[PDB]
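Visitor: Take this structure, written in structure tokens, and hold onto it; I'll ask about it next.
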Amino acid sequence: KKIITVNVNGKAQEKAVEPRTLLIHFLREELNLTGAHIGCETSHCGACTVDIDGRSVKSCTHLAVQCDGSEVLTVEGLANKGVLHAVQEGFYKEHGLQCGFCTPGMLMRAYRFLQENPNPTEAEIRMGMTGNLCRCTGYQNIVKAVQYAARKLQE
Amino acid sequence: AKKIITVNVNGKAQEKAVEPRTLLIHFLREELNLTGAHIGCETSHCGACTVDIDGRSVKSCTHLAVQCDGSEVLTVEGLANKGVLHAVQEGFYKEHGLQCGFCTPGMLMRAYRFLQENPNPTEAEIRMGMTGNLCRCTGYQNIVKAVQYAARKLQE
Amino acid sequence: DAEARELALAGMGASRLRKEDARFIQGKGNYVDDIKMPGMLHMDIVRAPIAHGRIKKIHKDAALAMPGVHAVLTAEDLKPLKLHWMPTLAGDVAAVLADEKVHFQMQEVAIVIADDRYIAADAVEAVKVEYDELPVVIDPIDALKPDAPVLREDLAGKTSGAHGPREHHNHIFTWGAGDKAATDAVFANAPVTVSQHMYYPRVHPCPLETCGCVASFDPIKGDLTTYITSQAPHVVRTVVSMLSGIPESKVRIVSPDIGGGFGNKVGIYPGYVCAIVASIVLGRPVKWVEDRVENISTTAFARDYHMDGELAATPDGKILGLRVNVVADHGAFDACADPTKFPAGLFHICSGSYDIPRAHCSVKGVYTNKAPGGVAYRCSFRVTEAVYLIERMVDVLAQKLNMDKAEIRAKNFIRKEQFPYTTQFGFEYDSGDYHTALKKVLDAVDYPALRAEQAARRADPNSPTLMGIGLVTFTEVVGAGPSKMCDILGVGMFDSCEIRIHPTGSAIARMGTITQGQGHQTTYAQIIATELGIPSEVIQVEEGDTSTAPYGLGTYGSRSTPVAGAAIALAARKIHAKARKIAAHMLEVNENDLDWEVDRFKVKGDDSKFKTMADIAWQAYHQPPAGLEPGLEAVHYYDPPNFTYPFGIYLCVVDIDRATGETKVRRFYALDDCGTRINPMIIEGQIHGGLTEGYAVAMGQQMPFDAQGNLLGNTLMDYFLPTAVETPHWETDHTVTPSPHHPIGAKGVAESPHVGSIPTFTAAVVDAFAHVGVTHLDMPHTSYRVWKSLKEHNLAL
Amino acid sequence: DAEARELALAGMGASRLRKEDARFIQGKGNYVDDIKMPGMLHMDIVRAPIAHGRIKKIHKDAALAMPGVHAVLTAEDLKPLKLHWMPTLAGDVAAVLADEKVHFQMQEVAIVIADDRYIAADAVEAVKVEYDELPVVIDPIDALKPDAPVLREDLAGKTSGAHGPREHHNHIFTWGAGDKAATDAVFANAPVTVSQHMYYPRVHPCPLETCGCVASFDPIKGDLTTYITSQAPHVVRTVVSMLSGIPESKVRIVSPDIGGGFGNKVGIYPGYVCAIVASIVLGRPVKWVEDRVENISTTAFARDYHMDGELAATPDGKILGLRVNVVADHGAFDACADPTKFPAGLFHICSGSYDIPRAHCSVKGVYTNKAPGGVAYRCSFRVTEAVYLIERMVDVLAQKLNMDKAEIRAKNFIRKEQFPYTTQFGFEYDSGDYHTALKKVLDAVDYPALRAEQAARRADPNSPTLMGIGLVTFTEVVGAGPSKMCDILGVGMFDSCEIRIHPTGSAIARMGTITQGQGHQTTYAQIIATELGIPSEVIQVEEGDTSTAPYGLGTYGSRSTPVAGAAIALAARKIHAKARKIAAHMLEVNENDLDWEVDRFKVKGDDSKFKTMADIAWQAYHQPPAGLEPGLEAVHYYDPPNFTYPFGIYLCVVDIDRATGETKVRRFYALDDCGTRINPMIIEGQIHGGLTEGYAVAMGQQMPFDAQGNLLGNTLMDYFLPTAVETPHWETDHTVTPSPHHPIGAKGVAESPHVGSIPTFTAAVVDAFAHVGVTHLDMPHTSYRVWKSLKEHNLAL
Ligand SMILES: Nc1ccn([C@@H]2O[C@H](COP(=O)(O)OP(=O)(O)O)[C@@H](O)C2O)c(=O)n1
Ligand SMILES: Nc1ccn([C@@H]2O[C@H](COP(=O)(O)OP(=O)(O)O)[C@@H](O)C2O)c(=O)n1
Ligand code: FES
Ligand code: FES
Ligand code: FES
Ligand code: FES
């Protein structure tokens, strides 16, 4: 076991972790940040997507031990003092979620994608969200949610 | 500064670090979630917090956790064995020795030890041997019947 | 096979063991302080060291800087939410946190929230508060004097209150019942007249588990959930919703396992309001659990009635009239639990078990620098004071006429043939049979022999001990219900029950009541077992969760059996009716063609053709007969037509040590008649507990205040609670006189032992001094106080 | 203003935002794997590496000695409890843990219990199992051959199953509907005839959240609590109680937030049983959560129908008869979700949207070494197959007659005036207006212009791409209910709703259904909002907890709106009737003199005199008018009189790259008519999702097996799931043809997009090859398969 210190949602977390522990299990089992989900074992779905050191990463294909000294953000940390983040508001307003299983990952991806590309086209949105699968929405509303968030971020 | 200690509760080692002022009752309830033992006063009268420490009945609200490093603590959650109720638990159930059940855990732990100190107690001895435990619901009558029941079961 | 089947149900009348025990005997009960939630913080209260005074300034800086402390709130943080004050069941207002002044010692002045109760307690000590002392008011009589200080400056300029006109600034109300002019007329010319002043001391219910709550407002879902030591969670939910503006459907109040209530946990205390507010502000769970000193000092007390009883009669003992005048000490704020139309509860039941043609009572409540309360401690809304008043007076009457105390009662008892009886006060006693019950008790204890013995000891001027015999024949009034008459803050005092039968035959039941240890999970199941032919073991009853249980008024005043017990039977019967309709369809016969025999519907004249409740239940989910919805369930909201009137004959013998003043209960016989008995084992336990509370009240309990208003003896160091050694062996008996209007003829019983036993002890103590002229001795009857009497009457050693 | 009050309600017809979004968008949803209980252990399953063979020996010692491992159970540990096999919704039995042999690859052989999922996984690798491989059965046809191996050795000697007589050991059943004699006669004399063979490939619902549960048996209280990914928790409870011996009232099943169902989470999987048994044995919580590969490989699959469709007609295109024969592959055990009397579901709905005078269908169920299932992917009980068949056949008949595919449909449609229309199979279509919807779709896409572009492109033999136009006009049948014909394991297919109004006006409602993201918490609230004049925002709805919610059959087959929607309205209307009665008492008028206007009862003529629902609610708790019980609440179990028949008209245009076989959906227009619409926004989401599932199934999804019976492409590595890039922009339209029999005229709609889109894609792909004589091409239409067909018909490059 290696002792690490990861900054999760703005707070330092000094923990002892087994090297094989996937970041997704560390987030869900150790910190109880159960927003992030698991939809596959092949790294396709992206329901485990979290923001690590400025980038969108699928936490099921990253080790917690690798986050020693890293800056990690989850969906629980998106809202600011209770006020929803643009992306959270966008998915709500544009009905971008149903069962809500892929939502945390979608929000974390959109949160980063919008900083990568502030004024994306529909094609750019769809392509920029390719690492996230959804079984309920058909993606169409998710596109509108991202567009909605983009308009408010430049407001 | 918190002190690292290991307390044996119900045969299981409990490794914790607590401030010296931590009363045993809060250690059992707050640190171990063994919420059977209860708090009914701040003057050491009720006995709702009674647990068995190193072979003696003790009011955990008037004892420090830090004084139990290596001790053998018995709580109500540990009376039953393999699911089978201890004679004392069976006694309180069969004789209706409890209503709200707040003094019960303490009564049981006390009865458990009293019955070893005195296997064949008379009524007077039971009432006297159970004086450290207060009860607001029962009136004590069914409790002495419960202890008499447990006494008999232990001898057969 | 029919006798066995009924027995196998373990329903009505069975002494089946409790379903509750399993968890309690293994420490798996779930009380408020056992609750732990993610992010839960702890709250402690900064309380007033003085009894009356202005708040100059509160210092929060030191406490706030302490590591682990999250916030320190005062009445200033409560004003913007209009919560520094809150409505009481009595119609008055109570301070949540002391604003401009403190009205009683140990009052809630400020709160602190911290990581745990240890840091919290520290934070309380770190909070310094400056006060300007004001003249204290501790005696009700002194409180009404012209120059008496103004306590409630908040209602200055109000000539009326919630219960009528107010004649003085410390005067709360004046209530009366009965015929005044007629009563005065009897007393004006009656041949025999007795008068007695008596004080029913302020005592405290002191449940082993103190009050507490775990409030939790979820800012994400926008709804409040608070676990709490409440005897009326539904009423709390409605109240909390209105005071907070949070829609009621988004408010969930849950009373888990409670370590005894006794009336002490009926009201909303500032501690709850504060935790809720704190939770809403911090967006996380806040736990509050008071210590023993806090419970005895600040929560609802009981009694504190200064009574003046009078009795008018003819020389043979026949009572012609009753006149009573009371001064009630309600404390700083009137938060006395009672139906809104009865500021003195059901005190007008003081006519007792006697056919008194003319009577009138009058109660005047007054403010003092003490904690709110009055109704708590198994009292049924002042019935304790009523019973104590009448029985003490009948003893006074009997002693003046030199008539036997049992004989004078047998002479005035409402005869069995007179029921349903309407008293001089308007109550309609449902049923009774006092003479039979009395004779039974007298024979059981060899009453004449006791009198012969008492005569012998009195003959010897050197008998080392005094012998006293006490006898009480009382009538209780339980089952606060009649909505036209009774309501709690506007809610009619009905109750409810919902039963759902599952496809396989078992069932789930929920009521609007909430047990605190009286065995509802067992008894309720027994009522349903007999009504539906389903064993009580598999009828899972639950209470206390406002998001699942039907709306009810809670448990207190022994209203569960009378009201909820009725709702349960009727709801069960709605199911039984549908079960018959379904059984008829399956058996292909008419309804009045079926016979119900314990647990099945059989065809008349053909036993081989029947359908059990199990068969019917499956059928209900499988294929509902034409014109019937699938399923098999019902709900029933019962608005009782009348109260329930149980009774009892209590006798006690005491031996007083003339040298020390020590009183020893030699014997105590209690006969209770609560109509149809559900579970006698449970009934017996309730009797033992009630009589023990009585011994506590009469022999040792009190709440004395000094000249400066400090509450003395507010911990178990002094507050009396008998142990197994002080508690006498109780002898119990009973008779069965069912309530005609009740669905199962069941009457309440839990509060009877408490109400009746108290005056029995005083009757025994006073009877020991009767041969030297003593008519009454005020409670408590401790060795000290009793010695003072031996000394005064030259009976010492 | 009255209009403003109605808008303020956010009820029927409004596109209000969802109430359930708050928690999900903040990661505060509560799914099964999010649950952690004190002492919770984790379970993992040892699975068969082969498709068919006997179990020689299982080695448990290496795993048992592994630190962290508490238990390793096998079928041997299940036999005493008679749980090594469990009953299925199809009347067959499925192995919980393989006993003497394994019937399909990935089948559950043994389980391990460890401290966590990490150690648990290591334990599965440590458990070694020896097998004796036996010949595998993959093709349904080879399964029926005289020398085919005996799969179900447990059924040896039986000549009858739960669905009639069995003609072979691998033969499960044969079911038929319609008039065979009449249909055979029509085909014999029909001037025009067509017959086509088509395979509807086995696919998987693959919900993002896999199946799982946290079973918890409490030995102290003696009861079981299981949190589970179940689409029908109530029936699960009834089944669990039956198999465990634990009384039903002591069993509590709770479906929390579920990450999608789509029919995949309707059945009881062996993992659940093992978790329960393990929990009961160890005396503590056990968690089981399957991985993606386990979900695809062992949970309920969909389709797998080999169909032979036939259509009889006259030269002008009027359909005279329909004849269909089917071979169904149900896997090793028949656990196909279905009403007890329909082993092939509602396949006899294959008459479609057409007035076909004569028809007959026959489905033959067959066992193979594969995982069980069949009904589980927005299929409405085989309606997906029925629609695909009829629509495919109509296209074939259209091409043979050289008749336009839209024209032949308009000519065969059941006319608006024919409803309620009884089909050749016995269904009574509630309502419809196909013609108006068809013209609406054709106009919006300029269908004629489309055919001209296609004709112009076909004319050029060098056109780099092929243009295809697919059109589907379908009728659904949802709301599985009539208890006379529909039942799940003997339980009538009804549903319920309990609504309770609180003293202050807000409310709580529970139904027997269970949403999995379809929005019940919003939509259900909207239904009640309009019925009672209470804003939807404060009507809190809950489902899934068998201990609080009224008994229901759960949600699948789009039955919620049809069945529960009716129960909700009816239960609400019971409350409205009592409220009218109460309003009459308050206003001192007769009921008939009152008018309901959005949220209040007003006296006819005088508008100033009225009483809101808030006013009425309070009165119900204050003092009930004589004759009425206090409170304001109702319960209703709805046994539907008929199904609901929503319809649709979908059109799709595709462009196929002749050089690579790639198919690009250029356009898709979907028109759905589900009668009265509760929330247009929520309806639009269901359509988008279902069309996407349709695209996934038709263009990419499949579950191929090699000669040895190994499942290929059982992970997201190959199992097709479209991303935002592959998913096309959907165009939606609608019409409103209310269901006459439904309380609010609303029909189900969630499964329509799935059912209809699949054949629309194939219609478009086949139509692109139509000019060279192609009549059908089996799914999936992957680029690999389309290119294969491109080369065959000389259209490559
Ligand atoms: N006739 C009666 C009255 C009460 N009881 C039982 O005694 C207990 C106290 O009943 P109660 O109605 O007097 O008081 P609460 O339960 O309102 O405290 C309840 O469990 C009972 O059902 C009984 O078995 N038979
Ligand atoms: N006419 C209709 C039918 C469904 N719906 C809504 O769409 C969602 C799926 O409804 P549904 O009855 O077809 O399916 P399940 O919810 O049984 O999956 C439910 O929230 C709805 O209330 C609607 O708003 N209007
Ligand atoms: S769980 Fe599927 S990509 Fe991480
Ligand atoms: S909303 Fe269910 S998978 Fe995206
Ligand atoms: S809490 Fe009262 S003696 Fe320990
Ligand atoms: S049973 Fe309540 S204090 Fe003992």
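Residues are named by chain letter and number: chains run A, B, ... in the order of the structure tokens, numbers start at 1 in each chain, and ligands are numbered from 1 in the order shown.
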Got a sec to check which residues lie within 9 Å of ligand 3, using only C-alpha atoms and all ligand atoms, and send them as a ChimeraX atom specification?

Guide: /A:24,36-49,57-61,131-133 /D:292,716

Visitor: Ligand 1: which residues are within 7 Å, counting only C-alpha atoms and all ligand atoms, as a ChimeraX atom specification?

Guide: /C:515,518-520,523-524,555-562,674-680,682-683,686,746-751

Visitor: Can you spit out the residues from that selection as a compact mmCIF listing (two decimals), in the first residue's frame, using N, CA and C atoms?

Guide:
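As written to disk, again-v2.txt reads:
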# COMPACT_ATOMS: atom_id res chain seq x y z
N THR C 515 -46.23 4.41 20.01
CA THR C 515 -45.87 3.82 21.29
C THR C 515 -44.51 4.33 21.77
N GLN C 518 -45.36 1.01 25.47
CA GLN C 518 -46.56 0.36 25.98
C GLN C 518 -47.01 -0.89 25.24
N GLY C 519 -46.21 -1.34 24.28
CA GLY C 519 -46.53 -2.56 23.55
C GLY C 519 -47.46 -2.55 22.35
N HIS C 520 -47.60 -1.41 21.68
CA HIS C 520 -48.49 -1.32 20.51
C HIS C 520 -48.22 -2.34 19.41
N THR C 523 -50.00 -5.50 20.97
CA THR C 523 -51.44 -5.37 21.18
C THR C 523 -52.24 -5.08 19.91
N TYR C 524 -51.79 -4.10 19.12
CA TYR C 524 -52.47 -3.73 17.88
C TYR C 524 -52.63 -4.94 16.99
N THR C 555 -49.84 9.38 20.71
CA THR C 555 -50.10 8.66 21.95
C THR C 555 -49.77 9.46 23.21
N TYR C 556 -50.79 9.61 24.06
CA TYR C 556 -50.72 10.31 25.35
C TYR C 556 -52.13 10.29 25.91
N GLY C 557 -52.25 10.52 27.22
CA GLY C 557 -53.56 10.52 27.86
C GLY C 557 -54.32 9.22 27.70
N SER C 558 -53.61 8.11 27.47
CA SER C 558 -54.23 6.79 27.27
C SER C 558 -55.30 6.82 26.18
N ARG C 559 -55.01 7.52 25.08
CA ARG C 559 -55.96 7.63 23.98
C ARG C 559 -55.83 6.55 22.90
N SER C 560 -54.71 5.84 22.89
CA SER C 560 -54.46 4.80 21.88
C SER C 560 -55.51 3.70 21.81
N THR C 561 -55.72 2.99 22.92
CA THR C 561 -56.71 1.92 22.94
C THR C 561 -58.09 2.46 22.62
N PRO C 562 -58.51 3.55 23.29
CA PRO C 562 -59.84 4.10 23.01
C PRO C 562 -60.06 4.53 21.56
N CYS C 674 -60.73 -1.80 32.83
CA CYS C 674 -60.59 -1.04 31.59
C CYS C 674 -61.36 -1.73 30.48
N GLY C 675 -62.48 -2.34 30.84
CA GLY C 675 -63.30 -3.03 29.85
C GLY C 675 -62.61 -4.24 29.25
N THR C 676 -62.87 -4.47 27.96
CA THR C 676 -62.29 -5.59 27.25
C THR C 676 -60.77 -5.48 27.24
N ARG C 677 -60.11 -6.50 27.78
CA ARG C 677 -58.65 -6.55 27.87
C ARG C 677 -58.01 -7.19 26.63
N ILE C 678 -57.07 -6.48 26.00
CA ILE C 678 -56.40 -6.99 24.81
C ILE C 678 -55.30 -7.98 25.18
N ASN C 679 -54.38 -7.55 26.03
CA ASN C 679 -53.28 -8.39 26.47
C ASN C 679 -53.07 -8.14 27.96
N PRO C 680 -53.55 -9.07 28.81
CA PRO C 680 -53.40 -8.92 30.26
C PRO C 680 -51.97 -8.82 30.78
N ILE C 682 -49.47 -7.36 29.25
CA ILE C 682 -49.10 -5.97 29.01
C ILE C 682 -49.82 -5.03 29.96
N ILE C 683 -51.09 -5.31 30.23
CA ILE C 683 -51.89 -4.48 31.14
C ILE C 683 -51.26 -4.46 32.53
N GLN C 686 -48.18 -2.20 32.76
CA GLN C 686 -48.60 -0.81 32.80
C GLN C 686 -49.05 -0.43 34.20
N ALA C 746 -63.17 -1.93 24.48
CA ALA C 746 -61.94 -1.69 25.22
C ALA C 746 -61.78 -0.27 25.73
N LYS C 747 -61.33 -0.16 26.98
CA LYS C 747 -61.09 1.14 27.61
C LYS C 747 -59.59 1.29 27.85
N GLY C 748 -59.09 2.53 27.87
CA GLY C 748 -57.67 2.76 28.13
C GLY C 748 -57.34 2.34 29.56
N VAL C 749 -56.05 2.24 29.91
CA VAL C 749 -55.70 1.82 31.26
C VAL C 749 -54.37 2.33 31.79
N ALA C 750 -53.41 2.56 30.89
CA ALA C 750 -52.07 3.02 31.26
C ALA C 750 -51.98 4.14 32.30
N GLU C 751 -52.84 5.15 32.20
CA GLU C 751 -52.77 6.26 33.13
C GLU C 751 -53.53 6.11 34.44

Visitor: Please, which residues in chain C fall within 8 Å of ligand 6 when counting only C-alpha atoms and all ligand atoms, and what is the closest atom pair and distance in Å to one decimal for each, ordered by chain then residue number, as CSV?

Guide:
residue,atom,partner,partner_atom_place_in_ligand_line,distance
C:207,CA,ligand 6,3 (S),7.2
C:208,CA,ligand 6,3 (S),5.4
C:209,CA,ligand 6,3 (S),7.8
C:259,CA,ligand 6,2 (Fe),5.7
C:260,CA,ligand 6,2 (Fe),5.7
C:517,CA,ligand 6,2 (Fe),6.8

Visitor: Could the residues in this selection be saved with N, CA and C atoms as an mmCIF file, in the first residue's frame?

Guide:
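So result_18.cif came out as:
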data_model
loop_
_atom_site.group_PDB
_atom_site.id
_atom_site.type_symbol
_atom_site.label_atom_id
_atom_site.label_comp_id
_atom_site.auth_asym_id
_atom_site.auth_seq_id
_atom_site.Cartn_x
_atom_site.Cartn_y
_atom_site.Cartn_z
ATOM 1 N N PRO C 207 -38.573 10.852 31.993
ATOM 2 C CA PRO C 207 -38.422 9.579 31.284
ATOM 3 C C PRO C 207 -36.932 9.247 31.247
ATOM 4 N N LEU C 208 -36.578 7.965 31.287
ATOM 5 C CA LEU C 208 -35.159 7.595 31.290
ATOM 6 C C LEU C 208 -34.398 8.173 30.095
ATOM 7 N N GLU C 209 -35.019 8.165 28.921
ATOM 8 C CA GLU C 209 -34.400 8.761 27.743
ATOM 9 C C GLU C 209 -34.891 10.207 27.692
ATOM 10 N N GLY C 259 -37.610 6.011 24.465
ATOM 11 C CA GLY C 259 -37.422 5.469 25.798
ATOM 12 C C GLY C 259 -38.379 6.070 26.803
ATOM 13 N N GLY C 260 -39.675 5.879 26.568
ATOM 14 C CA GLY C 260 -40.683 6.413 27.461
ATOM 15 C C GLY C 260 -41.045 7.850 27.131
ATOM 16 N N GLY C 517 -43.227 2.392 24.391
ATOM 17 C CA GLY C 517 -42.941 1.244 25.230
ATOM 18 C C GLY C 517 -44.156 0.521 25.777
#

Visitor: What residues in chain B lie within 12 Å of chain D, counting only C-alpha atoms, written as a ChimeraX atom specification?

Guide: /B:32-34,77,80,82-85

Visitor: Would you mind listing the residues within 7 Å of ligand 5, counting only C-alpha atoms and all ligand atoms, as a PDB file with N, CA, C and O atoms, in the first residue's frame?

Guide:
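Wrote pocket08.pdb, looks like this:
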ATOM      1  N   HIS B  38     -26.976   2.776  27.142  1.00  0.00           N
ATOM      2  CA  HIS B  38     -27.609   4.089  27.091  1.00  0.00           C
ATOM      3  C   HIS B  38     -27.199   5.077  28.169  1.00  0.00           C
ATOM      4  O   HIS B  38     -26.603   4.715  29.193  1.00  0.00           O
ATOM      5  N   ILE B  39     -27.569   6.332  27.940  1.00  0.00           N
ATOM      6  CA  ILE B  39     -27.286   7.409  28.870  1.00  0.00           C
ATOM      7  C   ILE B  39     -28.612   7.922  29.425  1.00  0.00           C
ATOM      8  O   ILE B  39     -29.489   8.356  28.671  1.00  0.00           O
ATOM      9  N   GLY B  40     -28.765   7.841  30.743  1.00  0.00           N
ATOM     10  CA  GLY B  40     -29.986   8.295  31.372  1.00  0.00           C
ATOM     11  C   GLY B  40     -29.782   9.371  32.418  1.00  0.00           C
ATOM     12  O   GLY B  40     -30.758   9.861  32.983  1.00  0.00           O
ATOM     13  N   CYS B  41     -28.531   9.736  32.691  1.00  0.00           N
ATOM     14  CA  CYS B  41     -28.242  10.769  33.687  1.00  0.00           C
ATOM     15  C   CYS B  41     -26.800  11.237  33.595  1.00  0.00           C
ATOM     16  O   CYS B  41     -26.019  10.697  32.818  1.00  0.00           O
ATOM     17  N   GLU B  42     -26.446  12.237  34.395  1.00  0.00           N
ATOM     18  CA  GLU B  42     -25.077  12.743  34.406  1.00  0.00           C
ATOM     19  C   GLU B  42     -24.456  12.655  35.803  1.00  0.00           C
ATOM     20  O   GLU B  42     -23.355  13.154  36.031  1.00  0.00           O
ATOM     21  N   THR B  43     -25.132  11.951  36.709  1.00  0.00           N
ATOM     22  CA  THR B  43     -24.673  11.810  38.088  1.00  0.00           C
ATOM     23  C   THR B  43     -24.342  10.390  38.531  1.00  0.00           C
ATOM     24  O   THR B  43     -24.155  10.149  39.721  1.00  0.00           O
ATOM     25  N   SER B  44     -24.286   9.453  37.585  1.00  0.00           N
ATOM     26  CA  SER B  44     -23.952   8.049  37.869  1.00  0.00           C
ATOM     27  C   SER B  44     -24.999   7.262  38.670  1.00  0.00           C
ATOM     28  O   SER B  44     -24.654   6.297  39.364  1.00  0.00           O
ATOM     29  N   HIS B  45     -26.271   7.633  38.534  1.00  0.00           N
ATOM     30  CA  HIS B  45     -27.339   6.962  39.269  1.00  0.00           C
ATOM     31  C   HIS B  45     -28.135   5.894  38.508  1.00  0.00           C
ATOM     32  O   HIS B  45     -28.384   4.804  39.039  1.00  0.00           O
ATOM     33  N   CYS B  46     -28.522   6.201  37.271  1.00  0.00           N
ATOM     34  CA  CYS B  46     -29.365   5.303  36.494  1.00  0.00           C
ATOM     35  C   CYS B  46     -28.861   3.920  36.134  1.00  0.00           C
ATOM     36  O   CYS B  46     -29.608   2.952  36.241  1.00  0.00           O
ATOM     37  N   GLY B  47     -27.614   3.814  35.694  1.00  0.00           N
ATOM     38  CA  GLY B  47     -27.076   2.509  35.339  1.00  0.00           C
ATOM     39  C   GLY B  47     -27.426   2.019  33.942  1.00  0.00           C
ATOM     40  O   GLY B  47     -27.116   0.880  33.578  1.00  0.00           O
ATOM     41  N   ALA B  48     -28.045   2.882  33.142  1.00  0.00           N
ATOM     42  CA  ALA B  48     -28.429   2.524  31.777  1.00  0.00           C
ATOM     43  C   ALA B  48     -27.203   2.251  30.905  1.00  0.00           C
ATOM     44  O   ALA B  48     -27.305   1.640  29.838  1.00  0.00           O
ATOM     45  N   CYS B  49     -26.048   2.684  31.400  1.00  0.00           N
ATOM     46  CA  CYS B  49     -24.762   2.551  30.726  1.00  0.00           C
ATOM     47  C   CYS B  49     -23.930   1.382  31.247  1.00  0.00           C
ATOM     48  O   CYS B  49     -22.772   1.231  30.862  1.00  0.00           O
ATOM     49  N   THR B  50     -24.496   0.587  32.149  1.00  0.00           N
ATOM     50  CA  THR B  50     -23.780  -0.550  32.729  1.00  0.00           C
ATOM     51  C   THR B  50     -23.270  -1.586  31.725  1.00  0.00           C
ATOM     52  O   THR B  50     -24.042  -2.148  30.950  1.00  0.00           O
ATOM     53  N   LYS B  59     -20.461   1.377  35.563  1.00  0.00           N
ATOM     54  CA  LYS B  59     -21.236   2.383  34.844  1.00  0.00           C
ATOM     55  C   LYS B  59     -20.278   3.103  33.910  1.00  0.00           C
ATOM     56  O   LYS B  59     -19.494   3.940  34.340  1.00  0.00           O
ATOM     57  N   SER B  60     -20.331   2.738  32.632  1.00  0.00           N
ATOM     58  CA  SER B  60     -19.443   3.300  31.609  1.00  0.00           C
ATOM     59  C   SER B  60     -19.429   4.816  31.453  1.00  0.00           C
ATOM     60  O   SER B  60     -18.537   5.354  30.805  1.00  0.00           O
ATOM     61  N   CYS B  61     -20.408   5.505  32.029  1.00  0.00           N
ATOM     62  CA  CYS B  61     -20.454   6.964  31.945  1.00  0.00           C
ATOM     63  C   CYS B  61     -19.543   7.594  32.996  1.00  0.00           C
ATOM     64  O   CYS B  61     -19.367   8.810  33.026  1.00  0.00           O
ATOM     65  N   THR B  62     -18.986   6.751  33.864  1.00  0.00           N
ATOM     66  CA  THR B  62     -18.114   7.192  34.944  1.00  0.00           C
ATOM     67  C   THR B  62     -16.811   6.397  34.920  1.00  0.00           C
ATOM     68  O   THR B  62     -16.250   6.049  35.955  1.00  0.00           O
TER      69      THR B  62
END

Visitor: For the atom pair atom CA of residue 767 of chain D and atom CA of residue 470 of chain D, what is the interatomic distance in Å to one decimal place?

Guide: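 Value for the atom CA of residue 767 of chain D-atom CA of residue 470 of chain D distance: 6.5 Å.
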
Visitor: Within 6 Å of ligand 4, counting only C-alpha atoms and all ligand atoms: which residues, as a list in words?

Guide: residues 97, 98, 99, 100, 101, 102, 103, 134, 135, 136 and 137 of chain A; 208, 259 and 260 of chain D

Visitor: As a PyMOL selection string, please: every residue in chain A that DSSP puts in alpha helix (DSSP H).

Guide: chain A and resi 23-25+86-93+103-116+122-128+140-153

Visitor: Would you list the contacts of residue 72 of chain B as a list in words, taking every protein, DNA or RNA residue within 9 Å and counting only C-alpha atoms, but skipping same-chain residues closer than 3 positions in sequence?

Guide: residues 7, 8, 9, 10, 11, 52, 53, 54, 55 and 68 of chain B
